[PDB]
>>> print(open('structure_26.txt').read())   # compact mmCIF, C-alpha atoms and all ligand atoms
# COMPACT_ATOMS: atom_id res chain seq x y z
CA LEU Y 2 64.06 -76.62 -36.02
CA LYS Y 3 62.01 -79.42 -34.45
CA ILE Y 4 58.50 -78.15 -33.78
CA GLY Y 5 55.40 -80.16 -33.16
CA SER Y 6 52.57 -80.71 -30.70
CA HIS Y 7 50.93 -83.31 -28.58
CA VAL Y 8 48.83 -85.67 -30.69
CA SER Y 9 46.51 -88.51 -29.80
CA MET Y 10 47.84 -92.03 -29.37
CA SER Y 11 44.46 -93.75 -29.69
CA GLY Y 12 42.11 -95.97 -31.65
CA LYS Y 13 43.07 -99.06 -33.58
CA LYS Y 14 45.76 -97.16 -35.49
CA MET Y 15 47.63 -96.01 -32.35
CA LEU Y 16 51.11 -94.74 -33.36
CA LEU Y 17 50.05 -94.55 -37.01
CA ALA Y 18 47.24 -92.15 -36.11
CA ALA Y 19 49.59 -90.08 -33.97
CA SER Y 20 52.03 -89.70 -36.89
CA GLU Y 21 49.23 -88.94 -39.37
CA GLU Y 22 47.93 -86.26 -37.01
CA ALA Y 23 51.35 -84.70 -36.55
CA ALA Y 24 51.98 -84.69 -40.33
CA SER Y 25 48.59 -82.96 -40.81
CA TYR Y 26 49.84 -80.05 -38.66
CA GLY Y 27 53.15 -79.81 -40.48
CA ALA Y 28 55.03 -81.05 -37.41
CA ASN Y 29 58.47 -82.73 -37.60
CA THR Y 30 58.28 -84.02 -34.01
CA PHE Y 31 55.38 -84.90 -31.71
CA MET Y 32 54.55 -85.91 -28.18
CA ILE Y 33 52.19 -88.67 -27.16
CA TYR Y 34 50.98 -90.22 -23.95
CA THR Y 35 50.97 -94.07 -24.23
CA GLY Y 36 47.17 -94.13 -23.89
CA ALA Y 37 44.57 -91.85 -22.25
CA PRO Y 38 46.47 -88.97 -20.57
CA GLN Y 39 44.31 -89.16 -17.46
CA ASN Y 40 44.62 -92.85 -16.56
CA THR Y 41 47.01 -95.84 -16.35
CA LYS Y 42 44.91 -98.14 -18.61
CA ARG Y 43 47.19 -99.27 -21.41
CA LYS Y 44 47.43 -101.50 -24.48
CA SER Y 45 50.18 -104.04 -25.15
CA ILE Y 46 53.28 -103.16 -27.19
CA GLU Y 47 52.04 -105.06 -30.23
CA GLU Y 48 48.80 -103.09 -30.22
CA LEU Y 49 50.73 -99.81 -30.40
CA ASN Y 50 51.31 -100.34 -34.16
CA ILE Y 51 54.82 -98.95 -33.74
CA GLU Y 52 56.28 -100.09 -37.07
CA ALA Y 53 53.42 -98.58 -39.07
CA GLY Y 54 53.83 -95.36 -37.11
CA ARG Y 55 57.57 -95.23 -37.58
CA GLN Y 56 57.33 -95.94 -41.29
CA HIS Y 57 54.85 -93.10 -41.66
CA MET Y 58 57.14 -90.80 -39.63
CA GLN Y 59 60.08 -91.58 -41.92
CA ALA Y 60 57.96 -90.84 -45.00
CA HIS Y 61 56.85 -87.49 -43.56
CA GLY Y 62 60.03 -86.04 -42.11
CA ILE Y 63 59.18 -86.72 -38.48
CA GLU Y 64 62.43 -87.43 -36.67
CA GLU Y 65 61.86 -87.47 -32.91
CA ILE Y 66 59.00 -88.66 -30.70
CA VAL Y 67 58.59 -87.62 -27.03
CA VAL Y 68 56.39 -89.58 -24.62
CA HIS Y 69 54.58 -88.10 -21.60
CA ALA Y 70 53.55 -90.15 -18.54
CA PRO Y 71 49.88 -89.82 -17.43
CA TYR Y 72 49.38 -86.64 -15.46
CA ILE Y 73 47.78 -88.62 -12.61
CA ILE Y 74 51.03 -90.35 -11.70
CA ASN Y 75 52.12 -89.12 -8.29
CA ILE Y 76 55.32 -90.47 -6.82
CA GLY Y 77 55.31 -87.52 -4.45
CA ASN Y 78 52.25 -88.89 -2.60
CA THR Y 79 53.09 -89.83 1.03
CA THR Y 80 49.44 -90.16 2.12
CA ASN Y 81 48.12 -92.94 -0.12
CA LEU Y 82 50.82 -95.58 -0.33
CA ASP Y 83 49.00 -97.38 -3.15
CA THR Y 84 49.18 -94.20 -5.26
CA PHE Y 85 52.90 -94.15 -4.70
CA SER Y 86 53.61 -97.81 -5.35
CA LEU Y 87 51.33 -97.97 -8.32
CA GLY Y 88 53.09 -94.89 -9.72
CA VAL Y 89 56.45 -96.61 -9.34
CA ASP Y 90 55.20 -99.79 -11.06
CA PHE Y 91 53.57 -97.83 -13.85
CA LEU Y 92 56.69 -95.78 -14.56
CA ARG Y 93 58.85 -98.89 -14.83
CA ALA Y 94 56.39 -100.21 -17.45
CA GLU Y 95 56.18 -96.76 -19.13
CA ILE Y 96 59.96 -96.66 -19.59
CA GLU Y 97 59.72 -100.05 -21.41
CA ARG Y 98 56.88 -98.72 -23.64
CA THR Y 99 58.89 -95.59 -24.38
CA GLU Y 100 61.94 -97.63 -25.36
CA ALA Y 101 59.77 -99.80 -27.66
CA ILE Y 102 58.25 -96.72 -29.31
CA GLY Y 103 61.75 -95.41 -30.04
CA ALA Y 104 61.56 -92.22 -27.99
CA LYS Y 105 64.46 -91.25 -25.72
CA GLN Y 106 62.49 -88.90 -23.43
CA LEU Y 107 59.59 -89.75 -21.08
CA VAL Y 108 58.15 -86.51 -19.60
CA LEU Y 109 56.96 -86.73 -15.98
CA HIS Y 110 55.40 -84.14 -13.64
CA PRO Y 111 57.66 -84.83 -10.63
CA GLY Y 112 54.94 -85.13 -8.06
CA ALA Y 113 52.62 -83.33 -5.69
CA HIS Y 114 52.70 -83.38 -1.93
CA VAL Y 115 48.90 -83.31 -1.66
CA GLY Y 116 49.02 -81.68 1.75
CA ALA Y 117 52.18 -83.14 3.30
CA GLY Y 118 54.26 -80.09 2.28
CA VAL Y 119 56.96 -79.60 -0.35
CA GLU Y 120 59.81 -81.04 1.70
CA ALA Y 121 58.00 -84.30 2.30
CA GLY Y 122 56.94 -84.43 -1.36
CA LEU Y 123 60.49 -83.94 -2.62
CA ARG Y 124 61.80 -86.77 -0.39
CA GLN Y 125 59.09 -89.07 -1.66
CA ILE Y 126 59.79 -88.26 -5.35
CA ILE Y 127 63.45 -89.17 -4.77
CA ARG Y 128 62.38 -92.48 -3.20
CA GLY Y 129 60.08 -93.21 -6.13
CA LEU Y 130 62.72 -92.44 -8.79
CA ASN Y 131 65.25 -94.59 -6.98
CA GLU Y 132 62.76 -97.47 -7.10
CA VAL Y 133 62.01 -96.85 -10.79
CA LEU Y 134 65.33 -96.27 -12.51
CA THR Y 135 67.54 -99.07 -13.82
CA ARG Y 136 71.14 -98.70 -14.99
CA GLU Y 137 70.37 -100.38 -18.30
CA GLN Y 138 67.42 -98.26 -19.43
CA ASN Y 139 67.90 -96.30 -22.71
CA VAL Y 140 65.29 -93.73 -21.83
CA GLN Y 141 65.57 -90.67 -19.62
CA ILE Y 142 62.76 -89.43 -17.41
CA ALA Y 143 62.41 -85.73 -18.22
CA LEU Y 144 61.15 -84.07 -15.03
CA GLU Y 145 58.91 -81.20 -16.03
CA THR Y 146 59.25 -77.64 -14.70
CA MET Y 147 55.86 -77.09 -13.00
CA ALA Y 148 53.67 -74.03 -12.55
CA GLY Y 149 53.26 -74.60 -8.84
CA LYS Y 150 49.49 -74.99 -9.02
CA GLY Y 151 47.99 -77.10 -6.26
CA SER Y 152 50.57 -79.05 -4.28
CA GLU Y 153 52.93 -79.46 -7.23
CA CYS Y 154 56.60 -79.98 -6.49
CA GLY Y 155 59.07 -78.90 -9.18
CA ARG Y 156 57.88 -75.25 -9.30
CA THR Y 157 61.45 -73.99 -8.94
CA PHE Y 158 64.69 -75.10 -10.46
CA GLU Y 159 66.03 -75.67 -6.96
CA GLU Y 160 63.28 -78.21 -6.27
CA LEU Y 161 64.19 -80.13 -9.43
CA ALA Y 162 67.91 -79.93 -8.56
CA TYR Y 163 67.19 -81.31 -5.07
CA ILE Y 164 65.43 -84.31 -6.58
CA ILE Y 165 68.18 -84.92 -9.14
CA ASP Y 166 70.85 -84.77 -6.45
CA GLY Y 167 69.12 -87.51 -4.43
CA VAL Y 168 68.78 -89.99 -7.28
CA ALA Y 169 71.52 -92.62 -7.71
CA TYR Y 170 71.17 -93.24 -11.43
CA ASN Y 171 70.65 -89.55 -12.13
CA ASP Y 172 72.25 -89.88 -15.51
CA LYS Y 173 68.78 -91.23 -16.42
CA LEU Y 174 67.19 -87.91 -15.48
CA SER Y 175 66.59 -84.93 -17.77
CA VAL Y 176 64.25 -81.93 -17.60
CA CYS Y 177 61.37 -80.69 -19.74
CA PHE Y 178 61.09 -76.88 -19.72
CA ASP Y 179 57.50 -75.61 -20.19
CA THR Y 180 57.08 -71.91 -20.96
CA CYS Y 181 53.64 -71.55 -19.36
CA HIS Y 182 54.79 -73.35 -16.22
CA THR Y 183 57.98 -71.33 -15.72
CA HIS Y 184 56.20 -68.01 -16.34
CA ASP Y 185 53.36 -69.01 -13.99
CA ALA Y 186 55.91 -70.14 -11.37
CA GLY Y 187 57.39 -66.64 -11.44
CA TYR Y 188 60.28 -66.75 -13.92
CA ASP Y 189 60.60 -63.72 -16.22
CA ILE Y 190 60.67 -65.40 -19.60
CA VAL Y 191 58.89 -62.38 -21.14
CA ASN Y 192 61.62 -59.83 -20.50
CA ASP Y 193 64.61 -62.01 -19.71
CA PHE Y 194 64.30 -65.53 -21.07
CA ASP Y 195 68.11 -65.70 -21.35
CA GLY Y 196 68.39 -64.92 -17.63
CA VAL Y 197 65.92 -67.68 -16.80
CA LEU Y 198 67.86 -70.10 -19.05
CA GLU Y 199 71.11 -69.06 -17.36
CA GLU Y 200 69.54 -69.59 -13.90
CA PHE Y 201 68.40 -73.01 -15.13
CA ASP Y 202 71.94 -73.77 -16.31
CA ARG Y 203 73.39 -72.75 -12.97
CA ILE Y 204 70.98 -74.76 -10.78
CA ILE Y 205 70.14 -77.75 -12.99
CA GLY Y 206 72.41 -77.53 -16.05
CA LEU Y 207 71.44 -77.11 -19.73
CA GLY Y 208 72.90 -80.51 -20.43
CA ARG Y 209 69.76 -81.89 -18.86
CA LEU Y 210 67.25 -79.77 -20.84
CA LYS Y 211 65.90 -82.32 -23.32
CA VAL Y 212 62.33 -81.27 -24.17
CA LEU Y 213 60.59 -77.91 -24.55
CA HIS Y 214 56.83 -77.32 -24.12
CA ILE Y 215 55.74 -74.14 -25.90
CA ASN Y 216 52.60 -72.63 -24.43
CA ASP Y 217 51.35 -69.11 -23.84
CA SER Y 218 49.57 -68.43 -20.50
CA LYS Y 219 46.16 -67.10 -19.58
CA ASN Y 220 47.61 -65.51 -16.42
CA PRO Y 221 50.35 -63.12 -15.21
CA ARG Y 222 53.84 -64.10 -14.19
CA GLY Y 223 53.82 -65.84 -10.81
CA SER Y 224 50.09 -66.67 -10.92
CA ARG Y 225 50.77 -70.42 -10.43
CA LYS Y 226 47.59 -71.26 -12.36
CA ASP Y 227 48.69 -73.45 -15.29
CA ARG Y 228 46.09 -72.45 -17.88
CA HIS Y 229 47.71 -72.64 -21.29
CA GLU Y 230 46.88 -70.12 -24.00
CA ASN Y 231 47.23 -70.03 -27.76
CA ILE Y 232 50.57 -68.69 -29.02
CA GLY Y 233 50.69 -64.90 -28.66
CA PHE Y 234 47.19 -64.56 -27.19
CA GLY Y 235 48.28 -64.54 -23.55
CA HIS Y 236 50.56 -62.93 -20.96
CA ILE Y 237 53.80 -64.30 -22.41
CA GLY Y 238 53.25 -63.14 -25.98
CA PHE Y 239 54.46 -63.91 -29.42
CA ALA Y 240 57.82 -62.15 -29.29
CA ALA Y 241 58.96 -64.11 -26.23
CA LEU Y 242 57.62 -67.47 -27.38
CA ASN Y 243 59.08 -67.11 -30.87
CA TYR Y 244 62.42 -66.09 -29.36
CA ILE Y 245 62.43 -69.27 -27.24
CA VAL Y 246 61.49 -71.44 -30.24
CA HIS Y 247 64.37 -70.08 -32.33
CA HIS Y 248 66.86 -69.73 -29.49
CA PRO Y 249 70.49 -70.39 -30.55
CA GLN Y 250 71.07 -72.59 -27.50
CA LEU Y 251 68.02 -74.78 -28.07
CA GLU Y 252 68.30 -75.82 -31.73
CA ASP Y 253 68.45 -79.57 -31.21
CA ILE Y 254 65.63 -79.68 -28.62
CA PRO Y 255 62.13 -80.73 -29.69
CA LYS Y 256 59.58 -77.95 -29.13
CA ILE Y 257 56.09 -79.25 -28.38
CA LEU Y 258 52.94 -77.12 -28.39
CA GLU Y 259 50.28 -78.03 -25.81
CA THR Y 260 48.07 -75.03 -26.51
CA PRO Y 261 44.28 -75.18 -26.06
CA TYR Y 262 41.89 -76.27 -28.78
CA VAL Y 263 39.95 -73.38 -30.37
CA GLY Y 264 36.20 -72.76 -30.25
CA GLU Y 265 33.57 -70.65 -28.51
CA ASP Y 266 31.54 -73.67 -27.49
CA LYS Y 267 32.50 -76.85 -25.69
CA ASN Y 268 31.07 -79.09 -28.42
CA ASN Y 269 33.05 -77.50 -31.26
CA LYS Y 270 36.78 -77.51 -30.52
CA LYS Y 271 39.56 -77.69 -33.12
CA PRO Y 272 43.35 -78.15 -32.80
CA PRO Y 273 45.38 -74.92 -33.35
CA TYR Y 274 48.68 -76.61 -34.14
CA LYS Y 275 48.86 -76.36 -37.88
CA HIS Y 276 48.30 -72.60 -37.68
CA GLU Y 277 50.52 -72.04 -34.66
CA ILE Y 278 53.43 -74.02 -36.10
CA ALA Y 279 53.20 -72.10 -39.38
CA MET Y 280 53.06 -68.82 -37.42
CA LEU Y 281 56.17 -69.71 -35.43
CA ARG Y 282 58.02 -70.78 -38.58
CA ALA Y 283 57.09 -67.45 -40.22
CA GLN Y 284 58.05 -65.54 -37.09
CA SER Y 285 55.09 -63.18 -37.56
CA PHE Y 286 52.17 -62.93 -35.13
CA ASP Y 287 48.69 -63.34 -36.63
CA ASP Y 288 46.02 -61.57 -34.54
CA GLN Y 289 43.34 -63.40 -36.54
CA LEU Y 290 44.74 -66.88 -35.88
CA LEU Y 291 41.79 -67.94 -33.72
CA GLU Y 292 39.33 -66.59 -36.29
CA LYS Y 293 41.03 -68.64 -39.00
CA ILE Y 294 41.12 -71.84 -36.92
CA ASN Y 295 37.41 -71.39 -36.10
CA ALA Y 296 36.48 -71.29 -39.80
CA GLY Y 297 39.01 -73.55 -41.49
CA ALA Y 298 40.94 -70.69 -43.13
CA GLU Y 299 44.73 -70.77 -43.62
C1 LIG D 1 51.81 -80.63 -17.77
AS1 LIG D 1 50.88 -79.57 -19.00
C2 LIG D 1 50.04 -80.49 -20.26
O1 LIG D 1 49.77 -78.65 -18.13
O2 LIG D 1 51.94 -78.58 -19.70
FE FE D 2 53.02 -82.10 -18.63
FE FE D 3 53.78 -79.15 -20.38
ZN ZN D 4 50.54 -76.95 -18.06
>>> encode(input="structure_26.txt", output="structure tokens")
Amino acid sequence: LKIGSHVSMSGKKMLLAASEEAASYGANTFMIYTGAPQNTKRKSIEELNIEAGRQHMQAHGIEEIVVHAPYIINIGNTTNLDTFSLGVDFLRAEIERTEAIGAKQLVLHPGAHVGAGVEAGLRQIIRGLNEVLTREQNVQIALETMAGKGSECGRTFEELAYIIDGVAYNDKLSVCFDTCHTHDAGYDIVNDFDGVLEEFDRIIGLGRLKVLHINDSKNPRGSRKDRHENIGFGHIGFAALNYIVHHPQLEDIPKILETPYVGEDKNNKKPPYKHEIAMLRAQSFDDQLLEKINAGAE
């Protein structure tokens, strides 16, 4: 099973640090943004230290990398035309960076209507994707299932299907399924994950599911809040999350944790990934996981 987490793509080491971080958590896959997750400021390809990173990955059993576009990209914006056009330009460049890094999937929050309404937002996202995609690219944009917080589009499978249907080179589109987002959007992944996966297959198609984000949620089903929670400490729970991670239909899909760092105070936060990955591999919930992370225990 391919299980990992988001890791930082930063500093002078860039991809090498990302791989070192992933290996330190016992991950065999990882997800990175191509720079700061909250902005479009980026380094050149040469500065990404890709060959050092890939050599380290090979030496540590890391077989697949996923890339995520900055969360500020908004090709659903119909109000600020610079936001839209800059998003389009950035994504074209991001696909080239992703191809250079050797990842096949570039995760993208579809877009947000920011007040123009879902219908308008969906039309705009289709326009943006049609301006971005080339027939030659060897990367797929994995549209992420969203929680529906704010003005997010992509809260339902039908919204994603509508976008996909409007894109010419839609063979370049895939989907990233996030457990916190789908639960928050209203899908019953706690009691009927198979039903949600079947609904996904019927509306979008499992052939397009290329990345999984494994997160518990701080809120009830349908809350539309998007506040991730450590594995088994939220409203989704260990049993459901573990079931998804080991699902017979999702064996070849990378599973990426994006759970919150652990710590009572803001100035002392530690990654939970090593412990969460081991817990999921053991298939046994550990009620003292947060205690252990907040002390350095195993
Ligand atoms: C798009 As996210 C990092 O809230 O799963
Ligand atoms: Fe995301
Ligand atoms: Fe996510
Ligand atoms: Zn989220």
>>> closest_residue(input="structure_26.txt", among="Y:122, Y:129, Y:103, Y:111", to="residue Y:145", atoms="all atoms listed in the file")
Y:111
>>> residues_around(input="structure_26.txt", residues="residue Y:19", least_positions_apart="6", cutoff="12 Å", atoms="all atoms listed in the file", output="ChimeraX atom specification")
/Y:5-13,25-26,28,30-36,49-51,53-55,57-58,63,66-68,102
>>> closest_residue(input="structure_26.txt", among="Y:257, Y:165, Y:104, Y:126", to="residue Y:65", atoms="only C-alpha atoms")
Y:104
>>> residues_around(input="structure_26.txt", residues="residue Y:155", least_positions_apart="6", cutoff="10 Å", atoms="only C-alpha atoms", output="number ranges by chain")
Y: 110-113, 119, 122-123, 144-149, 161-164, 182, 186
>>> residues_near_ligand(input="structure_26.txt", ligand="ligand FE 3 (chain D)", cutoff="8 Å", atoms="all atoms listed in the file", output="NGL selection string")
:Y and (145 or 147 or 177-182 or 214-216 or 259)
>>> closest_residue(input="structure_26.txt", among="Y:69, Y:228, Y:184, Y:173", to="residue Y:156", atoms="all atoms listed in the file")
Y:184
>>> residues_around(input="structure_26.txt", residues="residue Y:218", least_positions_apart="6", cutoff="9 Å", atoms="only C-alpha atoms", output="count of residues only")
18
>>> build_atoms(input="structure_26.txt", residues="stretch 54-70 of chain Y", atoms="N, CA, C and O atoms", output="PDB file, in the coordinates of the input")
ATOM      1  N   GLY Y  54      53.632 -96.741 -37.486  1.00  0.00           N
ATOM      2  CA  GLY Y  54      53.830 -95.360 -37.110  1.00  0.00           C
ATOM      3  C   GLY Y  54      55.200 -94.840 -37.522  1.00  0.00           C
ATOM      4  O   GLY Y  54      55.329 -93.739 -38.089  1.00  0.00           O
ATOM      5  N   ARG Y  55      56.216 -95.646 -37.266  1.00  0.00           N
ATOM      6  CA  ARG Y  55      57.570 -95.230 -37.580  1.00  0.00           C
ATOM      7  C   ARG Y  55      57.831 -95.149 -39.072  1.00  0.00           C
ATOM      8  O   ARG Y  55      58.568 -94.290 -39.541  1.00  0.00           O
ATOM      9  N   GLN Y  56      57.149 -95.989 -39.836  1.00  0.00           N
ATOM     10  CA  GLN Y  56      57.330 -95.940 -41.290  1.00  0.00           C
ATOM     11  C   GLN Y  56      56.675 -94.668 -41.822  1.00  0.00           C
ATOM     12  O   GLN Y  56      57.226 -93.996 -42.695  1.00  0.00           O
ATOM     13  N   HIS Y  57      55.532 -94.306 -41.246  1.00  0.00           N
ATOM     14  CA  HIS Y  57      54.850 -93.100 -41.660  1.00  0.00           C
ATOM     15  C   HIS Y  57      55.722 -91.900 -41.277  1.00  0.00           C
ATOM     16  O   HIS Y  57      55.891 -90.997 -42.075  1.00  0.00           O
ATOM     17  N   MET Y  58      56.292 -91.909 -40.072  1.00  0.00           N
ATOM     18  CA  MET Y  58      57.140 -90.800 -39.630  1.00  0.00           C
ATOM     19  C   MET Y  58      58.280 -90.574 -40.616  1.00  0.00           C
ATOM     20  O   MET Y  58      58.528 -89.445 -41.052  1.00  0.00           O
ATOM     21  N   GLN Y  59      58.954 -91.660 -40.978  1.00  0.00           N
ATOM     22  CA  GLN Y  59      60.080 -91.580 -41.920  1.00  0.00           C
ATOM     23  C   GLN Y  59      59.649 -90.947 -43.240  1.00  0.00           C
ATOM     24  O   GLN Y  59      60.317 -90.038 -43.742  1.00  0.00           O
ATOM     25  N   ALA Y  60      58.484 -91.353 -43.740  1.00  0.00           N
ATOM     26  CA  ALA Y  60      57.960 -90.840 -45.000  1.00  0.00           C
ATOM     27  C   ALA Y  60      57.519 -89.378 -44.922  1.00  0.00           C
ATOM     28  O   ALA Y  60      57.426 -88.694 -45.955  1.00  0.00           O
ATOM     29  N   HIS Y  61      57.306 -88.867 -43.709  1.00  0.00           N
ATOM     30  CA  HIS Y  61      56.850 -87.490 -43.560  1.00  0.00           C
ATOM     31  C   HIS Y  61      57.788 -86.519 -42.846  1.00  0.00           C
ATOM     32  O   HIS Y  61      57.378 -85.446 -42.405  1.00  0.00           O
ATOM     33  N   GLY Y  62      59.050 -86.908 -42.726  1.00  0.00           N
ATOM     34  CA  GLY Y  62      60.030 -86.040 -42.110  1.00  0.00           C
ATOM     35  C   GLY Y  62      59.931 -85.858 -40.605  1.00  0.00           C
ATOM     36  O   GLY Y  62      60.385 -84.845 -40.072  1.00  0.00           O
ATOM     37  N   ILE Y  63      59.305 -86.816 -39.926  1.00  0.00           N
ATOM     38  CA  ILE Y  63      59.180 -86.720 -38.480  1.00  0.00           C
ATOM     39  C   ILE Y  63      60.365 -87.496 -37.891  1.00  0.00           C
ATOM     40  O   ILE Y  63      60.513 -88.700 -38.090  1.00  0.00           O
ATOM     41  N   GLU Y  64      61.218 -86.793 -37.163  1.00  0.00           N
ATOM     42  CA  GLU Y  64      62.430 -87.430 -36.670  1.00  0.00           C
ATOM     43  C   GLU Y  64      62.575 -87.784 -35.208  1.00  0.00           C
ATOM     44  O   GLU Y  64      63.433 -88.588 -34.861  1.00  0.00           O
ATOM     45  N   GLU Y  65      61.781 -87.171 -34.349  1.00  0.00           N
ATOM     46  CA  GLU Y  65      61.860 -87.470 -32.910  1.00  0.00           C
ATOM     47  C   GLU Y  65      60.489 -87.512 -32.285  1.00  0.00           C
ATOM     48  O   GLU Y  65      59.646 -86.679 -32.609  1.00  0.00           O
ATOM     49  N   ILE Y  66      60.254 -88.512 -31.432  1.00  0.00           N
ATOM     50  CA  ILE Y  66      59.000 -88.660 -30.700  1.00  0.00           C
ATOM     51  C   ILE Y  66      59.334 -88.475 -29.207  1.00  0.00           C
ATOM     52  O   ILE Y  66      60.399 -88.891 -28.758  1.00  0.00           O
ATOM     53  N   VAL Y  67      58.460 -87.786 -28.484  1.00  0.00           N
ATOM     54  CA  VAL Y  67      58.590 -87.620 -27.030  1.00  0.00           C
ATOM     55  C   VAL Y  67      57.364 -88.304 -26.437  1.00  0.00           C
ATOM     56  O   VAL Y  67      56.268 -88.246 -27.007  1.00  0.00           O
ATOM     57  N   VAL Y  68      57.525 -88.941 -25.278  1.00  0.00           N
ATOM     58  CA  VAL Y  68      56.390 -89.580 -24.620  1.00  0.00           C
ATOM     59  C   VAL Y  68      56.159 -88.847 -23.306  1.00  0.00           C
ATOM     60  O   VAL Y  68      57.116 -88.319 -22.714  1.00  0.00           O
ATOM     61  N   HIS Y  69      54.902 -88.751 -22.874  1.00  0.00           N
ATOM     62  CA  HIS Y  69      54.580 -88.100 -21.600  1.00  0.00           C
ATOM     63  C   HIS Y  69      53.850 -89.125 -20.732  1.00  0.00           C
ATOM     64  O   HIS Y  69      52.924 -89.771 -21.204  1.00  0.00           O
ATOM     65  N   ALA Y  70      54.237 -89.240 -19.455  1.00  0.00           N
ATOM     66  CA  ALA Y  70      53.550 -90.150 -18.540  1.00  0.00           C
ATOM     67  C   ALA Y  70      52.180 -89.534 -18.197  1.00  0.00           C
ATOM     68  O   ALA Y  70      51.987 -88.314 -18.285  1.00  0.00           O
TER      69      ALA Y  70
END
